[PDB]
Protein chains: 2
Amino acid sequence: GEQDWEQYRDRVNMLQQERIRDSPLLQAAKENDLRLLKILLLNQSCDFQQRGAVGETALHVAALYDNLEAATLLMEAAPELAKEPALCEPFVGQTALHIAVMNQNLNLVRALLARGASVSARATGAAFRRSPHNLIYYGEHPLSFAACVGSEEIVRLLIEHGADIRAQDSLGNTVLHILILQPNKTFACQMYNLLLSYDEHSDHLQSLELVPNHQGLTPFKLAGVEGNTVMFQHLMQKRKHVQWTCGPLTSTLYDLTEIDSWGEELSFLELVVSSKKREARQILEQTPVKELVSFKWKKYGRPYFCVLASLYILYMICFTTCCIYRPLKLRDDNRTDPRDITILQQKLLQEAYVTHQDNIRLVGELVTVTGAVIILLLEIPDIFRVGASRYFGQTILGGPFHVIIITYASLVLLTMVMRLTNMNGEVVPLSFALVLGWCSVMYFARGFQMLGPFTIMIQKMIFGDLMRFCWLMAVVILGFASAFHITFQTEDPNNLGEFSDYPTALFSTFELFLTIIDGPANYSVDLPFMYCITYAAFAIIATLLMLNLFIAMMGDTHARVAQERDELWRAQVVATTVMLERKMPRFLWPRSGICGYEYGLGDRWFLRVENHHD
Amino acid sequence: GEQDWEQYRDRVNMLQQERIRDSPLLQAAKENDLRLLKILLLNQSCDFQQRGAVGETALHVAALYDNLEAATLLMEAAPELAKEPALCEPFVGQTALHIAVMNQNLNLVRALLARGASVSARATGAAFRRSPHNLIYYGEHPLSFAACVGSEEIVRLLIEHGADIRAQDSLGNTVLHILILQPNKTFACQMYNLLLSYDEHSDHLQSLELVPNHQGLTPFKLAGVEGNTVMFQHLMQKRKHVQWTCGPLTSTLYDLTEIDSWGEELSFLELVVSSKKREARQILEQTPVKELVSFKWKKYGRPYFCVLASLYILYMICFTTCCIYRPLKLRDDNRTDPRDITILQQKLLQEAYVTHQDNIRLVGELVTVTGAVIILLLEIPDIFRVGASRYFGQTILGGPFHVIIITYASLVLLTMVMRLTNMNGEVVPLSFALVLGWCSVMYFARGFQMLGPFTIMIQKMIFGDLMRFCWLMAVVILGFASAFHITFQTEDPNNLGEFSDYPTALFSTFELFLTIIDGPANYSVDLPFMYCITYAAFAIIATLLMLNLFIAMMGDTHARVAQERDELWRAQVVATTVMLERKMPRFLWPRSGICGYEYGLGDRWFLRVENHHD
């Protein structure tokens, strides 16, 4: 690939205008020059099946520019032009009916359909598919075009000429899926009511509402994925009824069949919390959904989360104590190596199990490794289910805690390999394990409103501002650490040995940036004067300016989300509820909501909501 | 208890709708199906005393859905249905008159009262009591229902059929108490004027205004507890009169009898500052109240607070100097224990009183312990008065300073036990006493506007943000302190002994989090390389990110209250005024306001307010 899409798309859009300029019939379609077009079509003339650079006809050009005078004269001379689709790459299958509807030209649609335009024509070209570089997605059928332009009269005219409402495009979207993807949401529900009124369940196999996608999503399920909360509240108007109303009080009964999704392998609520669209989190604060996941969290979600929190915390204490007590003996080698002298005075034991206090630790260590395969048997089946990047990427479904808890379980499994192999470097995977193990306890901080939004800010600082600061911090601690190394390369390393080696001078200048270590000073020796100029420059540019600017932007990444993670914590417990309702067994978590079978109203499981309004 | 309330309340609300669906008479009451209901009640038919699942009648169902056609046909066939209450747990005592008023159905109330509905019926069920899970509290009588719906015409119709306005519900609330608990406050005072106009003091024992609650509160006293400032200003319109008005100036004379509450054991002003409701602090900025507690604070509150401040500060100097000089002698045991060698070189004296300089300290120490029982004789009678959790919980009445000053007086009493027992660990209760003693001086920082709101922010940071940060700080200093301990478990503890023990490694990593101690470094020895990776990870995640995010949210808990504790300090001196007017004697604090007895207008003590208005 040498060129890209839009450079090809601009080439088609200018080759198309050239052929309109080159051919006098196509120009007379564009100019609405019915003077010339009468004289031109009076005689035997240009073939009406002459094409542009895209496969357009003269009727497509006469409809792209709303010229119903020229389009009448074209169809009177050539009636077979109404059934003609374009033929080349971007506009494949687009008919003049696809354009007369998209211009909302009603009198052109009547003139086209009287000439036998096909309402079942589907624009299968790549300039109609739902792609991030197409500006609109209106579907493929002209009935689907009339809905997304919001024209009530073309829809009432296209059904009368035999457009089935269950017409499914190449994505699997029927027209009810496509109305949900439109941006002017409060004008789309009136087309949604109009399209369902013409449905009238003659087919009634899924009754146009349960007709899924190629990704399985019904239109109700898709409104939660795309975050169409205006369409969601409209869709719940037919899934409820008011039991009674007494003054200010009102008790209404929501259907909860398509929200709870009991038998479904991929429920409605996982598709809302694992949706990458960002207005999908406003679905979780709607009138049947908010009451449902609050009932699941309080009655069963937070009690079952706190025991798992109190078990994992008690698990990590058992892992920590098997690190604190760990098999160490005095080293075999007398230290003949006093070179920055070796402070390592003891080494690992090999197969140390002699004492009874060790046998208590053997019990303890087996809780760690069998606790770790339990961790592995819970998560690596779930990376194979959502796609291993939808899993790790979405930061409300655990996200960068499943990466941590898998890495933790990998390292303690790696440690028990080394304990049986008698490898010597056991301290390296254990130190990574203890950090990753105990910082994974912050996963359970989502279960508490105090601690909840506070832990999302740490994820928006590790990934947000640390990747916007550590690059422009590493250039300062590479220029200055080298500058501090060169100034001290010619000195005694026993007096101010903070820059004696270049690896340690990177470490000291990393610390002096953060001022977690003291400024280097030895007042009983003459330091080089270039150091006092370099360090005074360093302390201003790095310590003073660059920290307190990073704190200034980290203070702004907190202020920008301190009013926005109180709403993401309310979406973080929903992703914890439906994670827990799916994993741990069925005799815990019974079906939420009132069973509508002991009362004579069905088998659907309802949710009753009592509300007050003045 | 297996299920909870609302799961029982939802069960009643759906069992009730089932019986309406099961019985054709109850359905015809709901449907307004007067076709069927005429045919049904033409014959001998279902018993009219058939009930739903709650004890409802057909007349209750015909009034829950405002069907006065069906309710007329029900009462014409069965006239004894108007006097029928429901019989089961949530709706006990609710009559159809309780529903016809709550729907504000005036023509249904006239048709019910003509059939002999009882206006004195009281809905004693649990779905009418003032509880946090009921959405409204409208009282129990239908006159009380007509007031809280704001229907002037039902009240003017229910009095005419003999509803006494002094009708007291199970909480002790008369209807004037219930109008104050309503949320649309500016529409409730017009019902308050209407209800007082029909009172006309024929009873005149308390004249409906002094009729207390079961918690003793009159409606004027309850408007300060619930913070009904709209009702409070309306209640002070009848407790004032303008002496004169001259252009812009106006001198008005407030009654101050029910505000100052002179003979009352529980005054009006303690019920406003110790109220847990949060709009009760706007009562303290109203036109007779703000001028009264400003006069009490300036004339007598701040002079008497500053001597008690200057006495307690001078008391704490006397306690501190008896700690600084304290009986210590050189230790008896030669230190045969050089294990992290014992720096303890001297011990406690036993009965040390030999010298004259000690006898000065004996005078000093008795000021401390008799100052401490004086503290105990002032506070532990007051935990037995407000309820020992209303006392400690409310942070404007001292709050977490009465916990401190009781703990301080407990520890110096515990110290004088140890001085007579010759216990050895006297340093432990004294160190707690000196911290708690001198930080209790911040109680007196409420007496000064500069220092006032600054000390409320420390209480909103100790309890607010420290409990939202120290949990997610303790997981970092447990993962890293263990990770720093394991990496240094196999080294010489004499070179970088900051993580030699696991208790001290928790201490060092606690300090390195805050960077109150230097980063561990010893450039004359080879530190383990895993430390330089762990510490560089620690300094970024803990020192840099997690501090300056905690400062970012602690900066936001200050910015959110720097415009809100300037109004809580103005409620913190009111709680200090009425604390001081109650405790210290009566010859200090004379009665505030002008005695209306030397002038010929009563014996009530008035407050004169001169104000300016353009």
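Chain naming here is simple, since letters A, B, ... match the order of the sequence lines and numbering starts at 1 in each.
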Would you say [X] and [Y] make side-chain contact, with heavy atoms under 4.5 Å?
X	Y	value
B:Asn548	A:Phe550	no
A:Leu496	B:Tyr523	no
A:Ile343	B:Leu527	yes
B:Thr490	A:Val427	no
A:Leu607	B:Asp10	no
B:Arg11	A:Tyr599	yes
A:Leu601	B:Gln17	no
A:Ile516	B:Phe538	no

With only heavy atoms counted, which part of [X] is less than 4.5 Å from chain B, the side chain, the backbone, both or neither?
X	value
A:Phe499	neither
A:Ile324	both
A:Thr342	neither
A:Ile313	neither
A:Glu511	side chain
A:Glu598	both
A:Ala433	neither
A:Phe510	side chain
A:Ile341	both
A:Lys299	side chain
A:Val435	both
A:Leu436	neither
A:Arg331	neither
A:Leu330	neither

By a 4.5 Å heavy-atom criterion (distance strictly below it), what part of [X] contacts chain A: side chain, backbone, both, or neither?
X	result
B:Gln489	both
B:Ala539	both
B:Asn105	neither
B:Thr543	side chain
B:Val149	neither
B:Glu491	both

Between A:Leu514, A:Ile594, A:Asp556, A:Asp518, who has the most heavy-atom pairs with chain B when the cutoff is under 4.5 Å?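 Of A:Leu514, A:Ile594, A:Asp556, A:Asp518, A:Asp518 has the most heavy-atom pairs under 4.5 Å with chain B.
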I'd like to verify something: which residue of A:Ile517, A:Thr557, A:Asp340 has the highest number of heavy-atom pairs under 4.5 Å with chain B?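 Highest number of heavy-atom pairs under 4.5 Å: A:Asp340.
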If I compare all heavy atoms of [X] with all of [Y], which pair ends up nearest, and what's the gap?
X	Y	value
B:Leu478	A:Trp438	O-CD1, 4.0 Å
B:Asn103	A:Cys246	OD1-CA, 3.4 Å
A:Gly600	B:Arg21	O-NH1, 3.5 Å
A:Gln243	B:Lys30	O-CE, 4.1 Å

When you measure from the side chain of A:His612 to the backbone of B:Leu135, do you find a donor-acceptor pair of N or O atoms at a distance under 3.5 Å?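 Pair absent, no side-chain N/O of A:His612 close to backbone of B:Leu135.
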